[PDB]
Amino acid sequence: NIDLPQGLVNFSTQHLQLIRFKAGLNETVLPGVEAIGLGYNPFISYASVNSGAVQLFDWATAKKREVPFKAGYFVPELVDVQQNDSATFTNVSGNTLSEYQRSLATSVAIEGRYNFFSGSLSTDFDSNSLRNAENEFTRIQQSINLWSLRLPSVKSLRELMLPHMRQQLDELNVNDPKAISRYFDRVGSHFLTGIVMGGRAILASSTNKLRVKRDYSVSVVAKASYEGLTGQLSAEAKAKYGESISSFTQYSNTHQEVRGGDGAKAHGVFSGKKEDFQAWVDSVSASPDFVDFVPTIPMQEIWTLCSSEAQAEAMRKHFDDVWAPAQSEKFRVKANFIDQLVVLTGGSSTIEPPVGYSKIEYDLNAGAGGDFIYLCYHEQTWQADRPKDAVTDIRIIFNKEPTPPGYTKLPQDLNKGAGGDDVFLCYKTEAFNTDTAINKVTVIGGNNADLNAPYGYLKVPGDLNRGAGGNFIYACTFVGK
Ligand SMILES: [Mg+2]
């Protein structure tokens with residue numbers, strides 16, 4: 001029997017009817033033509049029209065041809081239309097946030113080493129989850145495809161442009177870096193060329209990779225959980241994946257999104273009785289929306305519509321050197337790290353350290369008598385200024401060994417008054433480095449000297465009950481990497 005993650009559906013509608021009205025498109029023009037040729041900022045969202053969006057092309061007056069599979073509807077002759085009446089998955093995952101960002105950015109064919117769909121991070125996932133180095137990330141999208149539209153990058157495209165949009169591009173003052181930035185901000189660095197109309201259901205999840213069942217990959221487990229929530233798991237998938245799904249829900253935070261179809265049936269797609277999902281699916285036909293990309297040609301660079309080589313190269317250069325790095329930097333998010341440790345001592349387990357500090361919940365005199373003692377950490381957020389120093393190493397010293405150079409030494413005795421050796425935690429900090437900064441510290445205890453380290457952690461040598469009895473006790477560290 002299976003625990004499924006609970007949430008509220010976020011239903012999105014795009015503004016397509018209003019975009020069509022603005023373009024003056026006839027109702028015989030296939031749904032989706034209004035989105036082809038839209039100026040696009042590829043940083044903001046995954047396969048969403050930004051409310052900004054300006055059409056470059058005059059599809060109202062362009063020559064049309066009938067859609068063969070949909071009698072009575074028309075598409076510009078230049079636009080290829082492919083029927084695709086199917087349900088497919090567009091799944092992205094990463095073992096780390098940066099790996100998830102790469103995997104998102106490269107889920108479609110867009111050139112440049114940037115955080116391309118990372119504006120989605122602020123709604124797909126939550127702040128604390130994004131910055132927890134214990135977490136991996138999945139985005140499961142089931143697309144309810146009806147058709148796709150493709151605009152091939154043909155030499156005749158400038159001619160199809162709205163005259164005012166063509167003039168605006170041609171008169172861009174490309175000696176002025178601020179004008180080029182503004183043009184990218186207000187019309188786009190790209191334009192849409194390969195879009196899928198229909199519906200989508202999305203489950204975006206942050207999962208504790210150090211605690212979830214590892215029989216299967218998080219992508220597989222996340223997809224099985226999605227299928228659970230929508231009533232689409234077979235009896236065999238339930239038997240095989242049920243335990244994994246339960247673990248997933250115990251160790252994940254999930255976000256539910258629906259687009260396309262009837263908004264009144266959207267809440268309910270994740271109920272999951274199959275009939276509830278299916279009633280939403282069956283509504284997609286009557287209200288398609290832009291939901292996914294044609295992966296091979298999602299969009300073209302806007303300077304391909306420049307008349308001249310000189311203007312195109314000034315715009316490409318500005319993109320790579322100024323505008324895109326500025327955009328991509330708004331989504332550079334690194335995990336919280338530890339920058340300071342204190343020790344707390346007291347007469348019970350409910351003692352609390354001072355305000356910035358959280359207890360590792362293991363009495364460092366466990367089984368040995370004496371005070372309740374807790375190692376406590378301060379979590380620091382990463383900021384591209386400076387940032388600050390990360391704890392990179394912990395070293396336990398005993399009795400009268402000298403503080404190693406230059407470690408800080410916490411002067412409280414991790415054996416007080418349980419007897420035994422005098423035990424002292426030391427640590428060093430260095431300039432923040434992703435390869436080095438300790439994200440998490442824990443403490444383990446056991447009845448034998450050589451304990452199992454928590455998955456992903458390293459044990460710090462030095463028993464924190466050394467010379468007393470009780471348990472063997474070690475600090476352990478985790479570097480997300
Ligand atoms: Mg102790």
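Below, each value reflects all heavy atoms present in this structure, side chains not excepted, and no hydrogens, waters or symmetry copies. When a ligand or atom number is given, it counts from 1 through the structure's own listing order. Along the sequence shown, residues are numbered consecutively beginning with 1.
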- Pair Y374-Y357, ring pair (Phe, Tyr, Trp, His ring centres under 6.0 Å): steps then yes or no: CA-CA 11 Å; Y374 296 101; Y357 293 86; over 10 Å; no
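Judged purely by atom type and a 3.5 angstrom limit, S271 uses its side chain to pair as donor or acceptor with the backbone of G268. Distance alone, capped at 3.5 Å, is enough to place a donor-acceptor pair between the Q101 side chain and the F331 backbone. In terms of modelled atom types and a separation under 3.5 Å, the side chain of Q141 and the main chain of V291 share a donor-acceptor contact.
Surrounding CZ of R102 are more than 12 heavy atoms belonging to other residues, nucleotides or ligands, all under 6.0 Å away. No more than 12 heavy atoms of other residues, nucleotides or ligands shown are found within 6.0 angstrom of NZ on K416.
Neighbours of the Mg ion (ligand 1) restricted to protein N, O or S atoms under 2.8 Å: the count is 6.
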